[PDB]
């Protein structure tokens, strides 16, 4: 899996996700990447989210939409909603992975519960930040 999230100068949010799945997968199987609210979600009222990791668990957890609902309904900060989903709710179901999220105020989060996640972010007009490890 790969993905991207963005907030533009007009205040609009968007998310996208693309994958080839897991090595040695049976054909005609579908994980989180193409499923709205599992692998991918965006709403101008809350957040844009793109996910990576165990497909069966990100679906059962509705991981991407759960971030949006915790913020919009629950009044959690992006930081608290990402900690709740990635560090507590996914591992409790045996889900390993992470995601990238940007909220309507331009706060950014790149949580993961794995050894690593290939990742990068940057503000318009600023130097980018890159990472691999924790």
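Positions refer to the first chain, counted from 1.
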### Message
Please compare 77-85 with 63-71 and name the stretch with the higher mean C-alpha B-factor in the deposited structure.
### Response
77-85
### Message
Quick check on the record: does 3-11 or 124-132 carry the larger mean Cα temperature factor?
### Response
124-132
### Query
Among 28, 51, 93, 102, which carries the highest Cα B-factor?
93
### Summary
On the chain's distribution of Cα B-factors, residue 45 falls within the third called highest
### Query
Is the Cα B-factor recorded for residue 114 in the lowest, middle or highest third of its chain?
highest
